[PDB]
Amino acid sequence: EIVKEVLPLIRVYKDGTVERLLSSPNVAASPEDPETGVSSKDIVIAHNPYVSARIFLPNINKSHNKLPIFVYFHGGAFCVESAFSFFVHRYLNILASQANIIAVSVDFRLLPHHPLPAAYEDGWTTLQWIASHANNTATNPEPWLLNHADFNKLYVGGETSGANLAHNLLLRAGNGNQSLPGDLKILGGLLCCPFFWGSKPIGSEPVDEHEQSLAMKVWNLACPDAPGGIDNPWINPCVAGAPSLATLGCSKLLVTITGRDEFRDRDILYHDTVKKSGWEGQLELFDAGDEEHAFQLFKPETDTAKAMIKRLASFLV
C-alpha cells in the first residue's frame, strides 16, 4: 500500500518500508585508499537523533601545519543518497588528497521519516560536535580532529539539497542568537549547484510546466507544512521577507553551477543577491561547463571534472 511517491526518487509504503533511487551502493571506509592515499573511518556524531559520518584524512607526509576541515552534505533531494556511497567516498578521497584537507561526510536524516528541518538540525549538530573539539568540551573526541584539524579553517558545503543544507547552516551561524561552542566561526561555504526553487518560473525555466516541476514535489515531500510552500525562505532564499543574505555566517563563499543543471538560474540569482546584499565577505562564482549537476562525482576522470576539483582545491585552503 503506497502512501507517498516522488518518482523516480522515492516510493513510501504504509508500513514505512521505502524504495529509494540508488545511484551507487555504500562502500566500506578504508585504512588507506589505494589511488589517493586517503584514510577514512565511520563515526557517530550523535546517537539520538542518530547522526553518523565518514571522516577522510589525506596522507600525512608533513605535519608542520594542521588541515582545513570540510563538512560535506551529499545531494539526493533530502530523501535519497548517502554519506557512504561509492560516489561520495571516491569523490571525497580525491578532494581530500588534491586539496589536502580533512573531509567529513555527514549522514543526515532523510525523508520520509524525518521532515525538514531535521536535516538542517543534523548539520548544526555536526558543527557543534566539531567546535566541541576546538575548546576541549567533546566527550568522545575524534583523535583525527584533535591531531590534524585546523579549527580556524572550517568549511561547510555540499551538492544540490546538501548545498541547500549548508546554506541554511550559514544563516544559523550568522544569526546573533546562535553561536557554536567557543564561538567558533565558519571560515567558508561551498555550494555546488544548490537546490533552490520558487513559485514563479524565472530565466530559462520552462513556464507552462513549472507548477509540475520535480523540484516542487521534492519540496512538498521534504517540508509539506512549510509556511509559504515553495516560497518558504528555506527553499527560496531570494524571496521577499526572507532573512538577508548579508548575515551569512562565513567569510568566503563559492557557488558553482553547470550549464544543464535545473537550478542554474536559481543559483545565479542566489549569487547576485548575495553580491548586492552588502555581505562583506569574499564572494566567488564558478561555471563548471556543459554538465549535469554532480557530474564530477560520476565522471571524475574528465577534463571538466579535473578542472572543477582543481578550482575547489584552490578555494578549500
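Heads up: residue numbers just count along the shown sequence, starting at 1.
- The PDB entry reports B-factors from which the mean C-alpha value can be compared for 270-278 and 63-71; the larger average falls on 270-278.
- When the two stretches 131-139 and 87-95 are set side by side, the higher mean Cα temperature factor goes to 131-139.
- Annotation for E81, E205, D107, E159: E205 ranks highest, by Cα B-factor.
- Of all the options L111, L245, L165, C193, the entry's greatest CA B-factor is assigned to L245.
- Among the modelled residues of the chain, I102 sits in the lowest third by CA temperature factor in this PDB entry.
- Per the PDB record, residue ranking by Cα B-factor puts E292 in the middle third of the chain.
- Ranked by C-alpha B-factor against the other modelled residues of its chain, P300 falls in the middle third.
- When the modelled residues of the chain are ordered by C-alpha B-factor, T256 sits in the middle third.
- Compared with the other modelled residues of the chain, the Cα B-factor recorded for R11 ranks in the middle third.
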